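S.K.: The structure file query-v1.txt (compact mmCIF, N, CA and C atoms) is provided below.
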# COMPACT_ATOMS: atom_id res chain seq x y z
N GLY A 1 79.88 86.93 116.67
CA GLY A 1 81.18 87.57 116.80
C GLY A 1 81.09 89.08 116.81
N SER A 2 81.62 89.70 117.86
CA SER A 2 81.59 91.15 117.99
C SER A 2 80.21 91.70 117.65
N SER A 3 79.17 91.03 118.15
CA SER A 3 77.80 91.44 117.90
C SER A 3 77.45 92.69 118.71
N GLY A 4 77.71 92.63 120.01
CA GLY A 4 77.42 93.76 120.87
C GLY A 4 78.21 95.00 120.49
N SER A 5 77.76 96.16 120.98
CA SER A 5 78.43 97.42 120.68
C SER A 5 79.15 97.95 121.91
N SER A 6 80.47 97.79 121.93
CA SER A 6 81.28 98.26 123.05
C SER A 6 82.13 99.46 122.65
N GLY A 7 81.76 100.63 123.15
CA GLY A 7 82.50 101.84 122.84
C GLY A 7 82.54 102.12 121.35
N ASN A 8 81.92 103.22 120.94
CA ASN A 8 81.89 103.60 119.53
C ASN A 8 83.28 103.53 118.91
N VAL A 9 84.29 103.93 119.69
CA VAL A 9 85.67 103.92 119.23
C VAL A 9 86.28 102.53 119.37
N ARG A 10 86.77 101.99 118.25
CA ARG A 10 87.38 100.66 118.25
C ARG A 10 88.87 100.75 118.56
N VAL A 11 89.39 99.74 119.25
CA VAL A 11 90.80 99.70 119.61
C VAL A 11 91.58 98.78 118.68
N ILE A 12 92.23 99.37 117.68
CA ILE A 12 93.01 98.60 116.72
C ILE A 12 94.35 98.18 117.31
N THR A 13 94.76 96.95 117.02
CA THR A 13 96.03 96.43 117.52
C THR A 13 96.96 96.06 116.38
N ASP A 14 98.11 95.48 116.73
CA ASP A 14 99.09 95.07 115.73
C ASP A 14 98.56 93.92 114.88
N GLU A 15 97.36 93.45 115.22
CA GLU A 15 96.74 92.35 114.49
C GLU A 15 95.42 92.78 113.87
N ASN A 16 94.71 93.66 114.57
CA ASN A 16 93.42 94.15 114.08
C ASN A 16 93.60 95.00 112.83
N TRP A 17 94.80 95.54 112.65
CA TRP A 17 95.10 96.37 111.49
C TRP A 17 94.41 95.83 110.24
N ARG A 18 94.58 94.54 109.99
CA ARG A 18 93.97 93.90 108.83
C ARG A 18 92.58 94.46 108.57
N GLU A 19 91.76 94.53 109.62
CA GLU A 19 90.40 95.04 109.50
C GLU A 19 90.39 96.38 108.78
N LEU A 20 91.35 97.24 109.11
CA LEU A 20 91.45 98.56 108.50
C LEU A 20 91.47 98.45 106.97
N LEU A 21 91.91 97.30 106.47
CA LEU A 21 91.97 97.06 105.04
C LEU A 21 90.61 96.63 104.49
N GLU A 22 89.56 96.92 105.25
CA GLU A 22 88.21 96.56 104.84
C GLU A 22 87.23 97.69 105.14
N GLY A 23 86.51 98.13 104.11
CA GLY A 23 85.55 99.21 104.28
C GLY A 23 86.20 100.49 104.75
N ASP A 24 85.39 101.38 105.32
CA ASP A 24 85.90 102.66 105.81
C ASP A 24 86.36 102.54 107.26
N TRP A 25 87.45 103.23 107.58
CA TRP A 25 88.00 103.20 108.93
C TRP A 25 88.73 104.50 109.25
N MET A 26 88.30 105.16 110.32
CA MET A 26 88.92 106.41 110.74
C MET A 26 89.86 106.20 111.92
N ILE A 27 91.15 106.43 111.70
CA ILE A 27 92.15 106.26 112.74
C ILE A 27 92.76 107.60 113.14
N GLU A 28 93.21 107.68 114.39
CA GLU A 28 93.82 108.91 114.90
C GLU A 28 94.93 108.59 115.89
N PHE A 29 96.17 108.82 115.48
CA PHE A 29 97.32 108.56 116.34
C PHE A 29 97.42 109.60 117.45
N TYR A 30 97.18 109.17 118.68
CA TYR A 30 97.24 110.07 119.83
C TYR A 30 98.31 109.62 120.82
N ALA A 31 98.55 110.43 121.84
CA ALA A 31 99.54 110.12 122.85
C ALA A 31 99.10 110.60 124.23
N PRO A 32 99.34 109.77 125.26
CA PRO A 32 98.97 110.09 126.64
C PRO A 32 99.82 111.22 127.22
N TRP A 33 101.07 111.29 126.79
CA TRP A 33 101.99 112.32 127.27
C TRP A 33 101.86 113.59 126.43
N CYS A 34 101.11 113.50 125.33
CA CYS A 34 100.91 114.64 124.45
C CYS A 34 99.73 115.48 124.90
N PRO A 35 99.94 116.81 124.98
CA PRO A 35 98.90 117.75 125.41
C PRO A 35 97.78 117.89 124.37
N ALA A 36 98.17 118.14 123.13
CA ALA A 36 97.21 118.29 122.05
C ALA A 36 96.18 117.16 122.06
N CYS A 37 96.67 115.94 122.23
CA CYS A 37 95.80 114.77 122.25
C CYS A 37 94.66 114.96 123.26
N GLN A 38 95.02 115.36 124.47
CA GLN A 38 94.03 115.57 125.53
C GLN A 38 92.89 116.45 125.03
N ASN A 39 93.20 117.36 124.11
CA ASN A 39 92.19 118.26 123.56
C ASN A 39 91.32 117.53 122.54
N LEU A 40 91.92 116.60 121.81
CA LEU A 40 91.19 115.83 120.80
C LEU A 40 90.38 114.71 121.45
N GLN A 41 90.86 114.25 122.60
CA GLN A 41 90.18 113.18 123.33
C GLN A 41 88.66 113.31 123.20
N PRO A 42 88.13 114.47 123.63
CA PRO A 42 86.70 114.75 123.58
C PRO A 42 86.19 114.93 122.15
N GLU A 43 86.93 115.71 121.37
CA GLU A 43 86.56 115.97 119.98
C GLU A 43 86.32 114.67 119.23
N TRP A 44 87.09 113.64 119.58
CA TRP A 44 86.97 112.34 118.94
C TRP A 44 85.71 111.61 119.42
N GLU A 45 85.53 111.57 120.74
CA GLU A 45 84.37 110.90 121.32
C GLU A 45 83.08 111.44 120.72
N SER A 46 82.96 112.76 120.66
CA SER A 46 81.77 113.40 120.11
C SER A 46 81.56 113.00 118.65
N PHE A 47 82.66 112.79 117.94
CA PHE A 47 82.60 112.41 116.54
C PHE A 47 82.07 110.99 116.38
N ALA A 48 82.75 110.04 117.00
CA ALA A 48 82.34 108.64 116.93
C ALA A 48 80.84 108.50 117.14
N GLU A 49 80.24 109.50 117.77
CA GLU A 49 78.80 109.48 118.04
C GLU A 49 78.01 109.26 116.75
N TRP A 50 78.20 110.15 115.79
CA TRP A 50 77.50 110.05 114.51
C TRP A 50 78.31 109.23 113.51
N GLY A 51 79.47 108.75 113.95
CA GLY A 51 80.32 107.95 113.08
C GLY A 51 79.57 106.82 112.42
N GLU A 52 79.18 105.82 113.21
CA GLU A 52 78.45 104.67 112.70
C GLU A 52 77.17 105.11 112.00
N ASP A 53 76.68 106.29 112.36
CA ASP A 53 75.46 106.83 111.78
C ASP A 53 75.66 107.17 110.31
N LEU A 54 76.84 107.71 109.99
CA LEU A 54 77.16 108.09 108.62
C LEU A 54 77.79 106.92 107.87
N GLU A 55 77.78 105.75 108.49
CA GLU A 55 78.35 104.56 107.88
C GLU A 55 79.87 104.65 107.82
N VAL A 56 80.49 104.88 108.98
CA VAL A 56 81.94 104.99 109.06
C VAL A 56 82.45 104.55 110.43
N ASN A 57 83.40 103.61 110.43
CA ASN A 57 83.97 103.11 111.67
C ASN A 57 85.07 104.03 112.18
N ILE A 58 85.17 104.15 113.50
CA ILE A 58 86.19 105.00 114.11
C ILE A 58 86.99 104.23 115.15
N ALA A 59 88.31 104.24 114.99
CA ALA A 59 89.19 103.55 115.92
C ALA A 59 90.27 104.48 116.46
N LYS A 60 91.02 104.01 117.45
CA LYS A 60 92.09 104.80 118.05
C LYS A 60 93.33 103.95 118.28
N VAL A 61 94.50 104.54 118.03
CA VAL A 61 95.77 103.84 118.20
C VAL A 61 96.60 104.50 119.30
N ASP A 62 97.37 103.68 120.01
CA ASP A 62 98.22 104.18 121.09
C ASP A 62 99.69 104.09 120.70
N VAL A 63 100.37 105.24 120.67
CA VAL A 63 101.78 105.29 120.32
C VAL A 63 102.66 104.99 121.53
N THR A 64 102.13 104.22 122.46
CA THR A 64 102.86 103.86 123.67
C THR A 64 102.79 102.36 123.93
N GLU A 65 101.67 101.75 123.56
CA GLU A 65 101.47 100.32 123.76
C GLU A 65 101.65 99.56 122.45
N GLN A 66 101.48 100.27 121.33
CA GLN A 66 101.63 99.66 120.02
C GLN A 66 102.82 100.24 119.27
N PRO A 67 104.02 99.70 119.57
CA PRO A 67 105.26 100.16 118.94
C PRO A 67 105.34 99.77 117.46
N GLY A 68 104.60 98.73 117.09
CA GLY A 68 104.60 98.28 115.71
C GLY A 68 103.80 99.20 114.80
N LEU A 69 102.52 99.38 115.12
CA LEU A 69 101.65 100.23 114.32
C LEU A 69 102.32 101.58 114.03
N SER A 70 102.87 102.19 115.07
CA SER A 70 103.54 103.48 114.93
C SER A 70 104.48 103.48 113.73
N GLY A 71 105.14 102.35 113.50
CA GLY A 71 106.06 102.23 112.38
C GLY A 71 105.36 101.84 111.10
N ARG A 72 104.32 101.01 111.22
CA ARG A 72 103.57 100.56 110.05
C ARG A 72 103.06 101.74 109.24
N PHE A 73 102.98 102.90 109.88
CA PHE A 73 102.51 104.11 109.22
C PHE A 73 103.57 105.21 109.26
N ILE A 74 104.61 104.98 110.05
CA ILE A 74 105.70 105.95 110.17
C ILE A 74 105.17 107.31 110.63
N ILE A 75 104.46 107.31 111.74
CA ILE A 75 103.90 108.55 112.28
C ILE A 75 104.96 109.35 113.04
N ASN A 76 105.18 110.58 112.60
CA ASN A 76 106.17 111.45 113.24
C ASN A 76 105.49 112.60 113.98
N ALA A 77 104.47 113.18 113.35
CA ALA A 77 103.73 114.29 113.95
C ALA A 77 102.41 113.81 114.55
N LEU A 78 102.04 114.38 115.68
CA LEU A 78 100.80 114.02 116.36
C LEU A 78 100.14 115.24 117.00
N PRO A 79 98.81 115.20 117.11
CA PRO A 79 98.01 114.06 116.65
C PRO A 79 97.98 113.95 115.13
N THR A 80 97.45 112.83 114.64
CA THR A 80 97.37 112.60 113.20
C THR A 80 96.24 111.63 112.87
N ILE A 81 95.33 112.06 112.00
CA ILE A 81 94.20 111.23 111.60
C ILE A 81 94.42 110.64 110.21
N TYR A 82 94.02 109.39 110.03
CA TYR A 82 94.17 108.71 108.74
C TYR A 82 92.85 108.11 108.29
N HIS A 83 92.47 108.40 107.05
CA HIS A 83 91.22 107.88 106.49
C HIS A 83 91.49 106.65 105.62
N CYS A 84 91.03 105.50 106.08
CA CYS A 84 91.21 104.25 105.35
C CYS A 84 89.91 103.81 104.69
N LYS A 85 89.85 103.93 103.37
CA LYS A 85 88.67 103.54 102.62
C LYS A 85 88.98 102.40 101.65
N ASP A 86 88.58 101.19 102.02
CA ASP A 86 88.82 100.02 101.18
C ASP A 86 90.31 99.85 100.89
N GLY A 87 91.14 100.14 101.89
CA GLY A 87 92.57 100.02 101.73
C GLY A 87 93.24 101.34 101.43
N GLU A 88 92.55 102.19 100.66
CA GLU A 88 93.09 103.50 100.30
C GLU A 88 93.19 104.41 101.52
N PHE A 89 94.41 104.75 101.90
CA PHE A 89 94.64 105.61 103.05
C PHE A 89 94.77 107.07 102.62
N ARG A 90 94.12 107.96 103.37
CA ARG A 90 94.16 109.38 103.07
C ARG A 90 94.37 110.21 104.34
N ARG A 91 95.47 110.94 104.39
CA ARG A 91 95.79 111.77 105.54
C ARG A 91 94.75 112.88 105.72
N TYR A 92 94.35 113.12 106.96
CA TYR A 92 93.36 114.15 107.26
C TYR A 92 93.99 115.54 107.22
N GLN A 93 93.27 116.49 106.63
CA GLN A 93 93.76 117.86 106.53
C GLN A 93 92.70 118.85 106.99
N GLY A 94 92.39 118.82 108.28
CA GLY A 94 91.39 119.72 108.82
C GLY A 94 91.69 120.13 110.25
N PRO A 95 90.86 121.03 110.80
CA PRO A 95 91.02 121.52 112.17
C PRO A 95 90.71 120.45 113.21
N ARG A 96 90.28 119.28 112.74
CA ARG A 96 89.95 118.18 113.63
C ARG A 96 88.82 118.57 114.59
N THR A 97 87.71 119.03 114.03
CA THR A 97 86.57 119.44 114.83
C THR A 97 85.33 118.61 114.50
N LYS A 98 84.55 118.29 115.52
CA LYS A 98 83.34 117.50 115.34
C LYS A 98 82.67 117.82 114.00
N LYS A 99 82.31 119.09 113.82
CA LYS A 99 81.67 119.53 112.59
C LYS A 99 82.46 119.07 111.37
N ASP A 100 83.65 119.64 111.19
CA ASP A 100 84.51 119.29 110.07
C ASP A 100 84.42 117.80 109.76
N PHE A 101 84.75 116.97 110.75
CA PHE A 101 84.71 115.52 110.58
C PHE A 101 83.53 115.11 109.71
N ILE A 102 82.32 115.37 110.21
CA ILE A 102 81.11 115.02 109.48
C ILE A 102 81.32 115.15 107.97
N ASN A 103 81.46 116.38 107.50
CA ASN A 103 81.67 116.64 106.08
C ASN A 103 82.69 115.67 105.50
N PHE A 104 83.90 115.71 106.02
CA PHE A 104 84.97 114.83 105.55
C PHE A 104 84.43 113.44 105.24
N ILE A 105 83.34 113.07 105.90
CA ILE A 105 82.72 111.77 105.69
C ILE A 105 81.52 111.87 104.75
N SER A 106 80.51 112.62 105.17
CA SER A 106 79.31 112.80 104.36
C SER A 106 79.65 113.41 103.00
N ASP A 107 80.41 114.50 103.03
CA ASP A 107 80.81 115.18 101.80
C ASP A 107 81.97 114.45 101.12
N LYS A 108 82.27 113.25 101.61
CA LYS A 108 83.35 112.44 101.05
C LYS A 108 84.50 113.33 100.59
N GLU A 109 84.70 114.44 101.28
CA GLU A 109 85.77 115.37 100.94
C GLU A 109 87.09 114.63 100.72
N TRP A 110 87.20 113.45 101.31
CA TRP A 110 88.41 112.65 101.18
C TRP A 110 88.80 112.50 99.72
N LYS A 111 87.81 112.52 98.83
CA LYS A 111 88.06 112.39 97.40
C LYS A 111 89.03 113.46 96.91
N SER A 112 88.91 114.66 97.48
CA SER A 112 89.78 115.77 97.11
C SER A 112 91.07 115.75 97.92
N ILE A 113 91.46 114.57 98.37
CA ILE A 113 92.68 114.41 99.16
C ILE A 113 93.57 113.32 98.58
N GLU A 114 94.86 113.63 98.43
CA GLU A 114 95.82 112.68 97.89
C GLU A 114 96.12 111.57 98.90
N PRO A 115 95.78 110.33 98.53
CA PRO A 115 96.00 109.16 99.38
C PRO A 115 97.48 108.82 99.53
N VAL A 116 97.76 107.66 100.12
CA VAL A 116 99.14 107.22 100.32
C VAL A 116 99.36 105.83 99.72
N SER A 117 100.52 105.65 99.10
CA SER A 117 100.86 104.37 98.48
C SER A 117 102.16 103.81 99.06
N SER A 118 102.22 103.71 100.38
CA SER A 118 103.40 103.20 101.06
C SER A 118 103.04 102.08 102.02
N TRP A 119 102.09 101.24 101.62
CA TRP A 119 101.65 100.12 102.44
C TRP A 119 101.82 98.80 101.71
N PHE A 120 102.77 97.99 102.17
CA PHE A 120 103.04 96.70 101.55
C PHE A 120 103.12 95.60 102.61
N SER A 121 102.25 95.68 103.61
CA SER A 121 102.23 94.70 104.69
C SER A 121 101.41 93.48 104.30
N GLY A 122 102.00 92.30 104.44
CA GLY A 122 101.31 91.07 104.10
C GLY A 122 102.16 90.15 103.24
N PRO A 123 101.95 90.21 101.92
CA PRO A 123 102.69 89.38 100.96
C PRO A 123 104.15 89.79 100.85
N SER A 124 104.98 89.30 101.77
CA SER A 124 106.40 89.62 101.77
C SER A 124 107.17 88.71 100.81
N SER A 125 108.09 89.30 100.06
CA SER A 125 108.89 88.55 99.10
C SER A 125 110.23 88.16 99.70
N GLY A 126 110.21 87.73 100.96
CA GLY A 126 111.44 87.33 101.63
C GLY A 126 111.22 86.99 103.09
Would you kindly transcribe this structure into structure tokens?
M.R.:
Amino acid sequence: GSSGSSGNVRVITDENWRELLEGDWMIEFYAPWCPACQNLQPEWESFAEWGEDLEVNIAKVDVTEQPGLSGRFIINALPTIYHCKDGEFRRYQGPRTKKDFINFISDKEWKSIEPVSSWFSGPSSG
């Protein structure tokens, strides 16, 4: 299952999300109609390069084909990167540059970042 390696960047869907609740996962909400995104497009690709190398998965979400995910996180500003470590989500606070990224991972700088506690998807009480 998913043995082969297809594109360093994984494509998370309204169902794959679950996976994000396992191990480390780097997500980045981008948009095709958004200019800034076009600039990150490359910055992200270059990152995913050493991603798996530093023991960190990298995925990408589409705010045009995935209307659900967009809400599951309530993304208003873009682009926007989210660090998911064993369920613990942490908003990215950097220039979003290949270099920076590395540290954020290797230097686990994420530790010095306040996570988010607004995820209750799954066990619904109704």
S.K.: Please, what distance in Å, to one decimal, runs between atom C of residue 112 of chain A and atom N of residue 19 of chain A?
M.R.: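 One can read the atom C of residue 112 of chain A to atom N of residue 19 of chain A distance as 24.2 Å.
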S.K.: Mind pulling up the distance from atom CA of residue 44 of chain A to atom CA of residue 64 of chain A?
M.R.: 18.6 Å
S.K.: Show me as a list in words the residues that reach within 5 Å of (96.1, 107.5, 102.8), counting all atoms listed in the file and using the file's own coordinates.
M.R.: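 The residues that fall inside the cut-off are residues 88, 89, 90, 91, 115 and 116 of chain A.
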S.K.: Running DSSP on the backbone, which parts of segment 1-124 of chain A land in alpha helix (DSSP H), as a PyMOL selection string?
M.R.: chain A and resi 17-20+35-51+67-72+98-106
S.K.: Please save N, CA and C atoms of the selected residues as a CSV table (one decimal), in the frame of the given file.
M.R.:
chain,number,residue,atom,x,y,z
A,17,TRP,N,94.8,95.5,112.6
A,17,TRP,CA,95.1,96.4,111.5
A,17,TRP,C,94.4,95.8,110.2
A,18,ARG,N,94.6,94.5,110.0
A,18,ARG,CA,94.0,93.9,108.8
A,18,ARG,C,92.6,94.5,108.6
A,19,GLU,N,91.8,94.5,109.6
A,19,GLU,CA,90.4,95.0,109.5
A,19,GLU,C,90.4,96.4,108.8
A,20,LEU,N,91.4,97.2,109.1
A,20,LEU,CA,91.4,98.6,108.5
A,20,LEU,C,91.5,98.4,107.0
A,35,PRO,N,99.9,116.8,125.0
A,35,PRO,CA,98.9,117.8,125.4
A,35,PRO,C,97.8,117.9,124.4
A,36,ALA,N,98.2,118.1,123.1
A,36,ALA,CA,97.2,118.3,122.0
A,36,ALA,C,96.2,117.2,122.1
A,37,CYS,N,96.7,115.9,122.2
A,37,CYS,CA,95.8,114.8,122.2
A,37,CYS,C,94.7,115.0,123.3
A,38,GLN,N,95.0,115.4,124.5
A,38,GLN,CA,94.0,115.6,125.5
A,38,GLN,C,92.9,116.4,125.0
A,39,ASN,N,93.2,117.4,124.1
A,39,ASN,CA,92.2,118.3,123.6
A,39,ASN,C,91.3,117.5,122.5
A,40,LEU,N,91.9,116.6,121.8
A,40,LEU,CA,91.2,115.8,120.8
A,40,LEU,C,90.4,114.7,121.4
A,41,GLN,N,90.9,114.2,122.6
A,41,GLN,CA,90.2,113.2,123.3
A,41,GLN,C,88.7,113.3,123.2
A,42,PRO,N,88.1,114.5,123.6
A,42,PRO,CA,86.7,114.8,123.6
A,42,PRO,C,86.2,114.9,122.2
A,43,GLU,N,86.9,115.7,121.4
A,43,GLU,CA,86.6,116.0,120.0
A,43,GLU,C,86.3,114.7,119.2
A,44,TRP,N,87.1,113.6,119.6
A,44,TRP,CA,87.0,112.3,118.9
A,44,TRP,C,85.7,111.6,119.4
A,45,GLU,N,85.5,111.6,120.7
A,45,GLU,CA,84.4,110.9,121.3
A,45,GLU,C,83.1,111.4,120.7
A,46,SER,N,83.0,112.8,120.7
A,46,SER,CA,81.8,113.4,120.1
A,46,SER,C,81.6,113.0,118.6
A,47,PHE,N,82.7,112.8,117.9
A,47,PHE,CA,82.6,112.4,116.5
A,47,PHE,C,82.1,111.0,116.4
A,48,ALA,N,82.8,110.0,117.0
A,48,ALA,CA,82.3,108.6,116.9
A,48,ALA,C,80.8,108.5,117.1
A,49,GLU,N,80.2,109.5,117.8
A,49,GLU,CA,78.8,109.5,118.0
A,49,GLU,C,78.0,109.3,116.8
A,50,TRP,N,78.2,110.2,115.8
A,50,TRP,CA,77.5,110.0,114.5
A,50,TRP,C,78.3,109.2,113.5
A,51,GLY,N,79.5,108.8,114.0
A,51,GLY,CA,80.3,108.0,113.1
A,51,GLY,C,79.6,106.8,112.4
A,67,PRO,N,104.0,99.7,119.6
A,67,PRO,CA,105.3,100.2,118.9
A,67,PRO,C,105.3,99.8,117.5
A,68,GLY,N,104.6,98.7,117.1
A,68,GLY,CA,104.6,98.3,115.7
A,68,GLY,C,103.8,99.2,114.8
A,69,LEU,N,102.5,99.4,115.1
A,69,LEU,CA,101.6,100.2,114.3
A,69,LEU,C,102.3,101.6,114.0
A,70,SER,N,102.9,102.2,115.1
A,70,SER,CA,103.5,103.5,114.9
A,70,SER,C,104.5,103.5,113.7
A,71,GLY,N,105.1,102.4,113.5
A,71,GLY,CA,106.1,102.2,112.4
A,71,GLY,C,105.4,101.8,111.1
A,72,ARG,N,104.3,101.0,111.2
A,72,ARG,CA,103.6,100.6,110.0
A,72,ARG,C,103.1,101.7,109.2
A,98,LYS,N,84.6,118.3,115.5
A,98,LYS,CA,83.3,117.5,115.3
A,98,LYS,C,82.7,117.8,114.0
A,99,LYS,N,82.3,119.1,113.8
A,99,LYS,CA,81.7,119.5,112.6
A,99,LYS,C,82.5,119.1,111.4
A,100,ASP,N,83.6,119.6,111.2
A,100,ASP,CA,84.5,119.3,110.1
A,100,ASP,C,84.4,117.8,109.8
A,101,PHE,N,84.8,117.0,110.8
A,101,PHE,CA,84.7,115.5,110.6
A,101,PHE,C,83.5,115.1,109.7
A,102,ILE,N,82.3,115.4,110.2
A,102,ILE,CA,81.1,115.0,109.5
A,102,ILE,C,81.3,115.2,108.0
A,103,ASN,N,81.5,116.4,107.5
A,103,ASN,CA,81.7,116.6,106.1
A,103,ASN,C,82.7,115.7,105.5
A,104,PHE,N,83.9,115.7,106.0
A,104,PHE,CA,85.0,114.8,105.6
A,104,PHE,C,84.4,113.4,105.2
A,105,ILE,N,83.3,113.1,105.9
A,105,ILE,CA,82.7,111.8,105.7
A,105,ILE,C,81.5,111.9,104.8
A,106,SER,N,80.5,112.6,105.2
A,106,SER,CA,79.3,112.8,104.4
A,106,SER,C,79.6,113.4,103.0
S.K.: Would you mind reading off the distance between atom C of residue 25 of chain A and atom N of residue 124 of chain A, one decimal, in Å?
M.R.: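 According to the coordinates, atom C of residue 25 of chain A and atom N of residue 124 of chain A are separated by 23.5 Å.
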S.K.: Return the single residue from A:43, A:51, A:58, A:78 that is closest to residue 96 of chain A, with distances computed using all atoms listed in the file.
M.R.: A:43
S.K.: Among the residues of segment 25-100 of chain A, find those DSSP assigns to strand (DSSP E) from the backbone and print them as number ranges by chain.
M.R.: A: 25-30, 57-62, 80-85, 88-91
S.K.: Could you check which of A:20, A:27, A:84, A:102 is closest to residue 61 of chain A, using only C-alpha atoms?
M.R.: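 Going through A:20, A:27, A:84, A:102 one by one, the smallest distance to residue 61 of chain A is for A:27.
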S.K.: Which protein, DNA or RNA residues are at most 5 Å from (90.1, 108.9, 112.8) in the file's coordinates when you count all atoms listed in the file, listed as a PyMOL selection string?
M.R.: chain A and resi 26-28+81-82
S.K.: What does the file look like for those residues with N, CA and C atoms, as a PDB file, in the coordinates of the input?
M.R.:
ATOM      1  N   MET A  26      88.300 105.160 110.320  1.00  0.00           N
ATOM      2  CA  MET A  26      88.920 106.410 110.740  1.00  0.00           C
ATOM      3  C   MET A  26      89.860 106.200 111.920  1.00  0.00           C
ATOM      4  N   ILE A  27      91.150 106.430 111.700  1.00  0.00           N
ATOM      5  CA  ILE A  27      92.150 106.260 112.740  1.00  0.00           C
ATOM      6  C   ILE A  27      92.760 107.600 113.140  1.00  0.00           C
ATOM      7  N   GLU A  28      93.210 107.680 114.390  1.00  0.00           N
ATOM      8  CA  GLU A  28      93.820 108.910 114.900  1.00  0.00           C
ATOM      9  C   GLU A  28      94.930 108.590 115.890  1.00  0.00           C
ATOM     10  N   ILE A  81      95.330 112.060 112.000  1.00  0.00           N
ATOM     11  CA  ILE A  81      94.200 111.230 111.600  1.00  0.00           C
ATOM     12  C   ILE A  81      94.420 110.640 110.210  1.00  0.00           C
ATOM     13  N   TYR A  82      94.020 109.390 110.030  1.00  0.00           N
ATOM     14  CA  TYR A  82      94.170 108.710 108.740  1.00  0.00           C
ATOM     15  C   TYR A  82      92.850 108.110 108.290  1.00  0.00           C
TER      16      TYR A  82
END
S.K.: Hey, which of A:21, A:69, A:113, A:37 ends up closest to residue 93 of chain A? Count only C-alpha atoms.
M.R.: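 Comparing A:21, A:69, A:113, A:37 against residue 93 of chain A, the winner is A:113.
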S.K.: Looking at A:35, A:22, A:3, A:65, which one is nearest to residue 79 of chain A, with distances taken over only N, CA and C atoms?
M.R.: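 Once distances to residue 79 of chain A are computed over only N, CA and C atoms, the minimum belongs to A:35.
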S.K.: May I have the residues within 8 Å of residue 14 of chain A as a list in words, using all atoms listed in the file and disregarding those fewer than 2 positions away in the same chain?
M.R.: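 Near residue 14 of chain A, the qualifying residues are residues 11, 12, 16, 17, 18, 65, 66, 67, 68 and 69 of chain A.
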S.K.: Limited to N, CA and C atoms, could you put the picked residues into a file as a PDB file, keeping the file's coordinate frame?
M.R.:
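Wrote it out as result.pdb, contents follow:
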ATOM      1  N   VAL A  11      89.390  99.740 119.250  1.00  0.00           N
ATOM      2  CA  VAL A  11      90.800  99.700 119.610  1.00  0.00           C
ATOM      3  C   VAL A  11      91.580  98.780 118.680  1.00  0.00           C
ATOM      4  N   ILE A  12      92.230  99.370 117.680  1.00  0.00           N
ATOM      5  CA  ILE A  12      93.010  98.600 116.720  1.00  0.00           C
ATOM      6  C   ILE A  12      94.350  98.180 117.310  1.00  0.00           C
ATOM      7  N   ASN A  16      94.710  93.660 114.570  1.00  0.00           N
ATOM      8  CA  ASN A  16      93.420  94.150 114.080  1.00  0.00           C
ATOM      9  C   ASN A  16      93.600  95.000 112.830  1.00  0.00           C
ATOM     10  N   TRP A  17      94.800  95.540 112.650  1.00  0.00           N
ATOM     11  CA  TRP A  17      95.100  96.370 111.490  1.00  0.00           C
ATOM     12  C   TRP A  17      94.410  95.830 110.240  1.00  0.00           C
ATOM     13  N   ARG A  18      94.580  94.540 109.990  1.00  0.00           N
ATOM     14  CA  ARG A  18      93.970  93.900 108.830  1.00  0.00           C
ATOM     15  C   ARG A  18      92.580  94.460 108.570  1.00  0.00           C
ATOM     16  N   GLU A  65     101.670 101.750 123.560  1.00  0.00           N
ATOM     17  CA  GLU A  65     101.470 100.320 123.760  1.00  0.00           C
ATOM     18  C   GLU A  65     101.650  99.560 122.450  1.00  0.00           C
ATOM     19  N   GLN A  66     101.480 100.270 121.330  1.00  0.00           N
ATOM     20  CA  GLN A  66     101.630  99.660 120.020  1.00  0.00           C
ATOM     21  C   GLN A  66     102.820 100.240 119.270  1.00  0.00           C
ATOM     22  N   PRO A  67     104.020  99.700 119.570  1.00  0.00           N
ATOM     23  CA  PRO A  67     105.260 100.160 118.940  1.00  0.00           C
ATOM     24  C   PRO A  67     105.340  99.770 117.460  1.00  0.00           C
ATOM     25  N   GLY A  68     104.600  98.730 117.090  1.00  0.00           N
ATOM     26  CA  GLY A  68     104.600  98.280 115.710  1.00  0.00           C
ATOM     27  C   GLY A  68     103.800  99.200 114.800  1.00  0.00           C
ATOM     28  N   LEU A  69     102.520  99.380 115.120  1.00  0.00           N
ATOM     29  CA  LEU A  69     101.650 100.230 114.320  1.00  0.00           C
ATOM     30  C   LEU A  69     102.320 101.580 114.030  1.00  0.00           C
TER      31      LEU A  69
END
S.K.: From the options A:36, A:6, A:47, A:1, which residue's atoms come nearest to residue 99 of chain A, counting only C-alpha atoms?
M.R.: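 Answer, going by the shortest atom-to-atom distance: A:47.
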S.K.: Could you model N, CA, C and O atoms for segment 52-56 of chain A and present them as a compact mmCIF listing (two decimals), in the frame of the given file?
M.R.:
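Output file result-v9.txt follows:
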# COMPACT_ATOMS: atom_id res chain seq x y z
N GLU A 52 79.18 105.82 113.21
CA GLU A 52 78.45 104.67 112.70
C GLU A 52 77.17 105.11 112.00
O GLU A 52 76.62 104.39 111.16
N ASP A 53 76.68 106.29 112.36
CA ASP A 53 75.46 106.83 111.78
C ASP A 53 75.66 107.17 110.31
O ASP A 53 74.78 106.96 109.48
N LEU A 54 76.84 107.71 109.99
CA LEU A 54 77.16 108.09 108.62
C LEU A 54 77.79 106.92 107.87
O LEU A 54 78.27 107.08 106.75
N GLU A 55 77.78 105.75 108.49
CA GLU A 55 78.35 104.56 107.88
C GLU A 55 79.87 104.65 107.82
O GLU A 55 80.47 104.52 106.76
N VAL A 56 80.49 104.88 108.98
CA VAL A 56 81.94 104.99 109.06
C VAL A 56 82.45 104.55 110.43
O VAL A 56 82.00 105.04 111.46
